[PDB]
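S.K.: Quick mapping for you: the protein sequence lines, in order, are chains A, B, C, D and E.
Residue numbering for the first sequence is 28 to 272, as defined by this note's numbering.
Residue numbering for the second sequence is 4 to 245, as defined by this note's numbering.
Residue numbering for the third sequence is 70 to 371, as defined by this note's numbering.
Residue numbering for the fourth sequence is 23 to 319, as defined by this note's numbering.
Residue numbering for the fifth sequence is 7 to 62, as defined by this note's numbering.
Yeah, the Cβ is synthetic: ideal placement off N, Cα and C, and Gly gets one too.
Please see the structure below; I have some questions.
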Amino acid sequence: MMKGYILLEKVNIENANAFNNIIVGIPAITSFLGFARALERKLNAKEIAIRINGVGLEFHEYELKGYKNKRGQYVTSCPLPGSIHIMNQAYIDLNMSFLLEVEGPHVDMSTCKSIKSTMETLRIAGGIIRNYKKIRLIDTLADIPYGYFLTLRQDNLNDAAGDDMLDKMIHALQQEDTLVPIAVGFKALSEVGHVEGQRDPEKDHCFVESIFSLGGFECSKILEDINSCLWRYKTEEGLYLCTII
Amino acid sequence: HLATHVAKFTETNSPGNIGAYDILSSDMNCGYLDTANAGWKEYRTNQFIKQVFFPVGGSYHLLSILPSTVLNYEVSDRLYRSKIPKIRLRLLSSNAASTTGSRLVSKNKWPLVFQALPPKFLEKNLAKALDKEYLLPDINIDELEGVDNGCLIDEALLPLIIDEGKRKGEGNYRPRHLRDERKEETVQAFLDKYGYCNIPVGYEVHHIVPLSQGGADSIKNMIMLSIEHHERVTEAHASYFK
Amino acid sequence: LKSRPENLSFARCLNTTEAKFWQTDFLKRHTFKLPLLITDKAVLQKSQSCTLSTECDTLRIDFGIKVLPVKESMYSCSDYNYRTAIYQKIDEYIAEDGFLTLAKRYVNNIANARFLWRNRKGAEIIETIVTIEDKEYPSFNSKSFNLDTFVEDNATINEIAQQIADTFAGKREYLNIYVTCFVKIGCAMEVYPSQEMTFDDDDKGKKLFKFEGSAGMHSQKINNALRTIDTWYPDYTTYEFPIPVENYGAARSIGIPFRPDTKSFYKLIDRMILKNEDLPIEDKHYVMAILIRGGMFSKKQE
Amino acid sequence: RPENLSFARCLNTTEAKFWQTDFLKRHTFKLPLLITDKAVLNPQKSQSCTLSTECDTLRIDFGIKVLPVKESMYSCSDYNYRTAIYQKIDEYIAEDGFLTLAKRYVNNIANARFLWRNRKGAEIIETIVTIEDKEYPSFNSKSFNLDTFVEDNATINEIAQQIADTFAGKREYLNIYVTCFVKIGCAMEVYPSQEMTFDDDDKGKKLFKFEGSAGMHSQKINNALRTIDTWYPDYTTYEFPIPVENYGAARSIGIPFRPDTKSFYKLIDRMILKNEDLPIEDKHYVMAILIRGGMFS
Amino acid sequence: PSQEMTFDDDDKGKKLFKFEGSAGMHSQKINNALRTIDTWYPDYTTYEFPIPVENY
RNA sequence: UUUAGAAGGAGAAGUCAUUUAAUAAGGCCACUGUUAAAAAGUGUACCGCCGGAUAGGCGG
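Right, here's the structure in full:
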């Protein structure tokens, strides 16, 4: 039982779901959190017994699946619908990297082969893995290549002019260009019982809606803390969420 | 119709009247926002709606995700006059919205939507696709001339090697972090290139564009050299790659 | 058991990536390789078109395939009896055939290089090369293979079909295939890349697939020619050409469904798990063929 | 009318690239021709192309590629239509095999009609075909007229026999590459194609840049070769050929010429379904349209 | 004499010093010859030679 | 166990015509570039032989 962190370096994904609710481009972070949880479950199916809790995102390159129409606005592309008309979807080519806060025994020069074997049956936000560049276990603060980290900056999200989120989001968005909208977890309702029609009937069912906040990009050289990134799960009385504290 | 949480928006072919509405208004300045925290000017079983799993610290909970179509209508009019970047989405026809049966979606079936682009020096292009592709020599196939088994043996061919180092990879230099890595497969490459048991003591390893303007660790992009030849080309390549 | 589960989902077992185009000659194929940018033209309109340079003769297309087992790739099943029943059926099919009669045709498709659709007509010579990440394979000429007469007695076809049938059975867990092709058209002729579904308020031209400038093809189209081996549909003896594999047989070329009768997917699953009758080998071939492609196989609740 | 039916064009042309030579060393000389720019008097920038002062001949390089009509049948939504098209094409090729139109196509290359304005004022025009290692005999395009078609040559008959036999019989593709030389003078004004601009506050004259230098459109070099429609009614009075199209008349005259009498929106209801016998000029028009292709629904 | 560095790589061979129609020596070499008198560095007994008086 | 699981964009085209931009014009005046340095790794590698396989070994 020792604390460490693994790095998934330069994972490029085609057709990742970039149309979560309102944000076109960067997907919801719960996609990456559930990807880390699916990797944790895949390693738990094997008898390695290794836990993962904490994930930070480092974006390198992005390609919205489209072009520019006249002046700079984007028009996006889509496949042809078939056997069961198109309604609303978008896709992206991401080239980003993962920091996974890894907590569990027997990590040094181990579990990398298991992660490599179990990664091939995984999709990041519904997109193909293709070829990630490397898996690394270097335990330094300056172990990051030249990328940009998407963190939770609750400064203009919290303190800005405007009475409420709506009359405050766009007003906090004019003066800062790096700051971007981010879907951050999701909670709506109650009645956690066992109503039918579930994907797995032996679980807890709910009717849940996405929630939103702000985010920002900082380089690998200039930074504040590891604790200012590496997003964590959190749970309350029906208010499941992901945050950095 | 006009409810905030209506189905048949993220997908289709889901026969249901799933409307959750909103009788709760908690509009405090928290660290987040929801459909009730917004401006907001305007539920049993599930099939063909997105279902996810979330850990509660202990077990897992299966959660069905409903859209925020009132926020989808409000973002369009908020972004109509705003100056931050925005991405249009013309991925719809009128008959699909008529079949779906939502009056709010019918007025805004081609919405002006929020977006989150990473900064504009991160978007890929032709140079950002050609930097990951590295050149190859146009002659190295087998023992052609001046060569017994891989190594450049005879003389009067190092001008040919110097013009193969030229004529490819000129003016297209990349930064240091935009360079191909040196993998650990290379020891097995010297093992099974021609039949060597290990790295020869009497030979070295070299490429034709070493760490400058292309070059990768392929199965053919290495040419082993002698001491004098490598010593000469270390300055010969730096003569034009100053 | 009486009915299909309320939520059944299958992952696709043949995940292809999008391809990208490059222009090269036929005497300098593996040697050098130029980017094929999408240029623009005047039409009487703003029409995007692509063509080779005046100093090139062929074009080059590279794309990759990933193979996952059908047994393991069950993403969501809301039952245990149905899961064990189809598991037993899959083990029975492995024991009796070994998933080889499907894989031979799945590699017959790439043997004739059907993934270059309008690029095939008028071409001079083809050099489709298939490479796995550990083993290289000999090339073949796509003009010697008919588009209807399949080959079930080749060598490279048999080897690759067996090596992918082990993954289909469940012996391995993944497979990666890299394919390169060198269709020879002529000097400064026209190539035919893919075209997007980007609607526009003002524009009325055709925009082709950019993909960082260097043109290419969608993975949806490049997969469609690798699963067009259905010759077991009814009245096949009056048509003499294969069709792609779907549920209802609704090929977009014709508009009349090829197999909408009881020889289908729903009405064969209703006759396989529940009935457990000795349906012939072609029906089982089709059933595991559509189960390889996968999708959403939930029962029709209302 | 039936479901989605379409076609592909059976003859294909590249985009010709302009050059500039001198007629003394016309085999061994080749110089590029870049589109200049000079403003004209009103705020407006316009481009113009002209030769240099030390040369004398314009050069055009373009190649043709032919496929069979059976191999060019693209979108088939019904097999009754497809087998009717097959039967009509085989009863056409049972006796001549597209021999009427291929000869006129090869003649239309042979006059060098593809230069729309560069033929206005020329001393000598020659046409060379050198696709294989063998060299075809050189041409004399100044000894031809627009209205009449010649039928008794050697190289025209040989090449027309080659395309008319590859149209149905031997092989699927065939490529023939042609090079043309026009003597217009010294440092004169040459006319490449024009580009459809789409920006406001600019009355530009953006000419066509192919591979940087001057060039020619593909739809314009395929509009001169498609002008052979000397079978339409009211031809003896007007006495000029018209480009072949699904409607009646081109945009040159404005008024329609064949809106009802012979047009693919009208006669195909009484051709593909009734299969009644038609005169050979109507069949020539129908397979001229099926040579061009396009949507037919 | 001390060579004239890698000025122009037209001649790959080692050049020499040429000024006023003769050879000689760079006087930076003479300067670093006369500057080698420092025997006050740390761990003098381990190495035991003079070192040129440089910044470090 | 990730707004998870799935998907054929297609065929066809004529952008064309002419056009004078030009008259007039003062870049100015003054401010020390200096401090200090390692190009040279050994800069070229021959015979007498025994050996008759161009194996391999002694001496100058």
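Name the residues in the region 302-331 of chain C whose C-beta lies less than 7 Å from a C-beta of chain A; which are they?
M.R.: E315, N316, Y317 and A319
S.K.: Going along the region 249-265 of chain C in order, which residues come within less than 8 Å of chain B, judged by CB to CB distance?
M.R.: Taking 8 Å as the cut-off between beta carbons, none of the residues of the region 249-265 of chain C comes near chain B.
S.K.: Taking A:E263 as the reference, which of A:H221, A:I33, A:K214 and A:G61 has the closest Cα?
M.R.: A:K214
S.K.: Determine the extent of the beta strand (DSSP E) in which A:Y260 is found, giving its start and end residues.
M.R.: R259 to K261
S.K.: For C:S145, which residues in chain A fall below 7 Å Cβ to Cβ?
M.R.: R226
S.K.: Taking only the alpha-carbon atoms, compute the straight-line gap between B:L82 and B:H180 and give it to the nearest angstrom.
M.R.: 38 Å
S.K.: Leaving aside the five residues before and after A:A199 along the sequence, list all residues of the same chain whose C-beta is less than 6 Å from its C-beta, in chain order.
M.R.: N183 and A187
S.K.: With C-beta atoms as the reference, is B:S71 less than 9 Å away from B:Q54?
M.R.: no
S.K.: Measuring CA to CA, which of A:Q100, A:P108, A:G174 and A:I113 is closest to A:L121?
M.R.: Here the closest residue by C-alpha is A:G174.
S.K.: Taking the alpha-carbon positions, what's the B:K131 to A:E90 distance?
M.R.: 11 Å
S.K.: Can you find a C-beta in chain A that's less than 9 Å from the C-beta of B:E77?
M.R.: yes
S.K.: With 9 Å as the limit, tell me which residues of the region 85-107 of chain C have their beta carbon closer than that to any beta carbon of chain B; keep them in chain order.
M.R.: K89, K97, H99, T100, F101, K102, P104 and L106
S.K.: Would you say A:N122 reaches chain B, if we count a Cβ-Cβ gap shorter than 9 Å as a contact?
M.R.: yes
S.K.: Reducing DSSP to helix, strand and coil, say where A:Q225 ends up.
M.R.: In the three-state scheme derived from DSSP, where H, G and I count as helix and E and B as strand, A:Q225 is classed as coil.
S.K.: Can you tell me where the beta strand (DSSP E) holding A:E130 begins and where it ends?
M.R.: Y118 to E130
S.K.: If we ignore side chains and look at the alpha-carbon of each, how far apart do C:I254 and D:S94 end up?
M.R.: 15 Å
S.K.: Does the beta-carbon of D:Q66 have 16 or more other beta-carbons within 10 angstroms, so that it is buried, or is it exposed?
M.R.: exposed
S.K.: So with Cβ pairs under 9 Å, would you call B:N128 a contact of chain C?
M.R.: So yes, B:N128 belongs to the interface.
S.K.: Anyone know if the C-beta pair for C:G191 and D:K92 falls short of 9 Å?
M.R.: no
S.K.: Within 9 Å (strictly less), CB to CB, does B:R235 reach chain E?
M.R.: yes
S.K.: What residues match up with A:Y101 in a beta bridge as DSSP calls it?
M.R.: A:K95
S.K.: Would you kindly work out how many angstroms separate the C-alpha atoms of D:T122 and D:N167, rounded to a whole number?
M.R.: Each residue's Cα considered, the two are about 18 Å apart.
S.K.: Going by DSSP in three states, residue 273 of chain A sits in which element: helix, strand or coil?
M.R.: With chain A covering only 28 through 272, there is no way to say anything about residue 273 of chain A.
S.K.: Can you find a CB in chain B that lies within less than 9 Å of the CB of C:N76?
M.R.: yes
S.K.: Closer than 8 Å by beta-carbon distance: list the chain C residues that pair up with A:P106, in chain order.
M.R.: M266, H287 and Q289
S.K.: Can the beta-carbon of B:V78 be found closer than 9 Å to that of B:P121?
M.R.: no
S.K.: Is any beta-carbon of chain B found at less than 9 Å from that of E:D17?
M.R.: no
S.K.: What does DSSP give as the partner residue(s) for C:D299 in the beta ladder?
M.R.: C:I312
S.K.: Exposed or buried, what is A:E147 when buried is set at 16 or more other beta-carbons lying within 10 Å of its beta-carbon?
M.R.: exposed
S.K.: Just how far apart, CA to CA, sit D:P301 and D:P263?
M.R.: As the crow flies, the alpha-carbon of D:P301 is around 19 Å from that of D:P263.
S.K.: Find the nearest neighbour of D:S274 within the set D:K110, D:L89, D:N245 and D:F286, judged by alpha-carbon distance.
M.R.: D:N245
S.K.: Is the shortest distance between the beta-carbon of C:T218 and the beta-carbons of chain D less than 9 Å?
M.R.: no
S.K.: Taking 9 Å as the CB-CB cut-off, is B:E14 touching chain A?
M.R.: yes
S.K.: Out of A:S247, A:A65 and A:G93, which one is the CA nearest neighbour of C:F268?
M.R.: A:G93
S.K.: Report yes or no: is there a C-beta of chain C within less than 9 Å of the C-beta of A:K160?
M.R.: no
S.K.: Starting from B:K86, find everything on chain A with Cβ-Cβ shorter than 8 Å and list it in chain order.
M.R.: Within 8 Å Cβ-Cβ: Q201.
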